[PDB]
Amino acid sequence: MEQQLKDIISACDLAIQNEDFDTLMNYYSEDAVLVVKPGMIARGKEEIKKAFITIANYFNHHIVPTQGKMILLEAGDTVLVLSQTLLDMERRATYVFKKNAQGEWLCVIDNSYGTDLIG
């Protein structure tokens, strides 16, 4: 439930560090959407794969990300995840996963900015 999803997040978070986006795309749906940065979205597994490869080599001067509070709003088929990420300063994101027939939760909407996208 709240764990397997939290385990998929980490699984992906790692798949990104190991720069093996080939295994990272197994967690995304085919028509998924990923918000790279404000006013910049990638649609489809291919476009999203490229986005990660592009923004692969980027880092913040002295920064220590840390998983924080995480709420899950499950509505049967889909699930809205509100993941807070601590910097030392926080980053509240909104992810949407959809459980396919196989029973594996894939990501459909990846907006690491959450409602911050508005402001």
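So that there is no doubt, residue numbering starts at 1 and follows the sequence shown.
In the deposited sequence, the stretch from residue 88 to residue 89 hides 4 to 9 residues that have no coordinates. Two stretches are in play, 94-102 and 21-29, and the higher mean C-alpha B-factor belongs to 21-29. Stretches compared: 106-114, 9-17. Higher mean C-alpha B-factor in the entry: 9-17. By the numbers in the PDB entry, the CA B factor is greatest at 64 among 79, 82, 64, 42. Among all modelled residues in this chain, the alpha-carbon of residue 55 has a temperature factor (C-alpha) in the highest third.
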